[PDB]
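Below is one structure, written out as structure tokens; the observations come after it.
The numbers here are math on the coordinates, done by the rules we state, and not lab data. Don't worry about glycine lacking a Cβ; one is built from the backbone with ideal geometry, like all the others, and counts go over all protein chains shown.
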Amino acid sequence: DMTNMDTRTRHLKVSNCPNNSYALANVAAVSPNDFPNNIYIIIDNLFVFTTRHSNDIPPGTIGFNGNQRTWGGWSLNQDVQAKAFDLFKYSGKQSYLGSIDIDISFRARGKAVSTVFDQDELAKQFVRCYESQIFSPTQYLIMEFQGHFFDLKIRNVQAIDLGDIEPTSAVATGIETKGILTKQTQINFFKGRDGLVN
Amino acid sequence: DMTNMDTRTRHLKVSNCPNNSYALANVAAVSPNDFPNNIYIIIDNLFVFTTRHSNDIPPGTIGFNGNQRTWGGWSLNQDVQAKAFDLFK
Amino acid sequence: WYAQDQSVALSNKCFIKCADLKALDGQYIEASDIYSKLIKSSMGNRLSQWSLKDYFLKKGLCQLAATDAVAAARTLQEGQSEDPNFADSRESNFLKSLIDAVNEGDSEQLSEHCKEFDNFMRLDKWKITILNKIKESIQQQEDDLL
């Protein structure tokens, strides 16, 4: 429930992620005194993330993993602006994800494996680990599938409203479009720029 | 002695091996609350391993090394079924 | 005390020694913070240009021995942008290659890079020492993944 929450801006320091599991969650870990639990927060009016309570991060600091700092090109100890976000107001009607394209790459070149990766299983894992989260094009993620670490970049996103029988909306590559993941989004996996994932 | 032991099925999460000696042993490290000592347990009705008491693994979780996950094609955090095994029968 | 006296050269000599003893003692983050001060104190000074490349390299090396490859990459980018002499230098290329090897978890590649760099600019005892810990960290990660 996002109806009521303190929208005041806060300047927060970027730091190393507390540990690997939180990075695998891809969620801004915040203290209870910073922001409520399980709400979408925007950072610099571009980068949206879900907040989860974390006692290991003091109030006034925001935790990020490597891929997010690659997405925004941030440094450690660099200050960022954080505010409340309301995608439903911003988009109006296109609140869901209809079709999402994901480039998959090997994080480590020496960890190339000839295994046959099931796209359905990847979609199930993406949906299982990530529900009701806001994603944008060029946003990066680290995925753990069968012990194998992958970098996922959302090359393009299509935003559709509930009730649209056909996806007549144009697929947008611009970072402006954002949507909410659902149990029916068409996930299309493409090879990464390295082109090593089979 | 395998005559008497609780055969009731458990759903356990796969996790990283606690360390290298634990992996070199190639026998499932389980908590005492999980299963007795030095008994053969089957997993998914296919993968058999010898149990050893381990206090570093909480009850309700099973430790695997990389080769075993290769054998079963499993993930970290993947849920697997574990039961008693009796090869002699 | 030299910095209070505005004697930049003597201060830099002392901080080179200090940051170097700190890196050999495993205090890599604090050594990097002194490799950073030396960098700022030496920017724009034509007399320190040769030393400046050296400082950038050492900073990255400490950041690689602290397993913070991201900071090493940032130091490389900073040096490439701020000092053209460092941009085209063998030291910058060497630091890039070391960062790439650390990211790939390939200790043998980093060894090849060290030997190549040794052929053209001898690695003094300090660089060999720090590089050996970088190697050990990569190998330990490989063994932990096994």
Exercise. Using the structure shown, decide if B:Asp1 is among the acidic types (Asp, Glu), in contact (Cβ under 8 Å) with a residue 40 or more places away in the chain, more than 14 Å from chain A (Cβ to nearest Cβ) and farther than 30 Å from A:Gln125 by Cβ.
Key: no
Quiz item: Which ones in segment A:94-128 are part of a helix (DSSP H, G or I), in contact (Cβ under 8 Å) with a residue 40 or more places away in the chain and not polar (S, T, N, Q)?
Solution: A:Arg109, A:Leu122, A:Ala123, A:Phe126, A:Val127
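Can you tell me which residues in segment C:130-146 are in contact with a helix residue (DSSP H, G or I) (Cβ under 6 Å, 6 or more places away or on another chain) and not basic (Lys, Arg)?
Going residue by residue through segment C:130-146, those that are in contact with a helix residue (DSSP H, G or I) (Cβ under 6 Å, 6 or more places away or on another chain) are C:130-131, C:133-135, C:138-139.
Matches in segment C:130-146: C:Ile130, C:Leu131, C:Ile134, C:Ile138, C:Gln139.
Within segment A:129-171, restricting attention to residues that are of a type outside the set (S, T, N, Q) and on the phi > 0 side of the Ramachandran plot, which residue is nearest to the other protein chains (Cβ to nearest Cβ)?
Step one: filter segment A:129-171 for residues of a type outside the set (S, T, N, Q), giving A:129-131, A:134-135, A:137, A:140-145, A:147-155, A:157, A:159-167, A:170-171.
Next, from what is left, pick out any that are on the phi > 0 side of the Ramachandran plot: A:147, A:163.
Values: A:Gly147: 6, A:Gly163: 36 Å.
Checked segment A:129-171; the qualifying residue nearest to the other protein chains (Cβ to nearest Cβ) is A:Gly147.
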Self-check item: Scope segment A:139-170; condition of a type in the set (S, T, N, Q) and exposed (fewer than 15 other Cβ atoms within 10 Å of the Cβ); matching residues
Solution: A:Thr168
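Results for (1) within 14 Å of chain B (Cβ to nearest Cβ); (2) in contact with a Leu (Cβ under 8 Å, 6 or more places away or on another chain), shown as yes or no for each residue.
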residue	(1), (2)
A:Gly110	no, no
A:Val116	yes, no
A:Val127	no, yes
A:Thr182	no, yes
Quiz item: Do any helices (runs of 4 or more DSSP H) lying entirely in segment C:55-146 carry at least 1 residues that are in contact (Cβ under 8 Å) with a residue 24 or more places away in the chain and within 13 Å of chain A (Cβ to nearest Cβ), and which ones are they?
Solution: C:69-82, C:90-104, C:107-120, C:125-145
Quiz item: What are the residues in segment A:135-180 that are in contact (Cβ under 8 Å) with a residue 40 or more places away in the chain and of a type in the set (A, V, I, L, M), if any?
Solution: A:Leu141, A:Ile142, A:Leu152, A:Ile154, A:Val157, A:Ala159, A:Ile160, A:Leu162, A:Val171, A:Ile175, A:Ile180
Quiz item: Can you name every residue in segment C:17-30 that is buried (at least 16 other Cβ atoms within 10 Å of the Cβ), over 20 Å from C:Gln77 (Cβ atoms) and in contact (Cβ under 8 Å) with a residue 24 or more places away in the chain?
Solution: C:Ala19, C:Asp20, C:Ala23
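Which of the following residues is within 14 Å of chain C (Cβ to nearest Cβ), surrounded by 14 or more Cβ atoms within 10 Å (Cβ to Cβ) and among the hydroxyl-bearing types (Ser, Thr, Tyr): A:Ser105, A:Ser91, A:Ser99, A:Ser95? Spell out how you get there, then give the answer.
Numbers: A:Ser91 fails: within 14 Å of chain C (Cβ to nearest Cβ); A:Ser99 fails: within 14 Å of chain C (Cβ to nearest Cβ); A:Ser95 fails: within 14 Å of chain C (Cβ to nearest Cβ).
The conditions single out A:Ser105.
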Quiz item: Which residues, counting only those in segment A:26-76, are within 13 Å of another protein chain (Cβ to nearest Cβ) and in contact (Cβ under 8 Å) with a residue 40 or more places away in the chain?
Solution: A:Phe64, A:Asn65, A:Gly66, A:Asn67, A:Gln68, A:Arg69, A:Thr70, A:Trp74, A:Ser75, A:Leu76
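Here is a list: B:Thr51, B:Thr7. Which entry is β-branched (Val, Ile, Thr), buried (at least 17 other Cβ atoms within 10 Å of the Cβ) and more than 28 Å from A:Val116 (Cα to Cα)? Spell out the reasoning first.
Working: B:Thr7 fails: buried (at least 17 other Cβ atoms within 10 Å of the Cβ).
Result: B:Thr51 is the single residue among B:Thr51, B:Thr7 that is β-branched (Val, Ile, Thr), buried (at least 17 other Cβ atoms within 10 Å of the Cβ) and more than 28 Å from A:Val116 (Cα to Cα).
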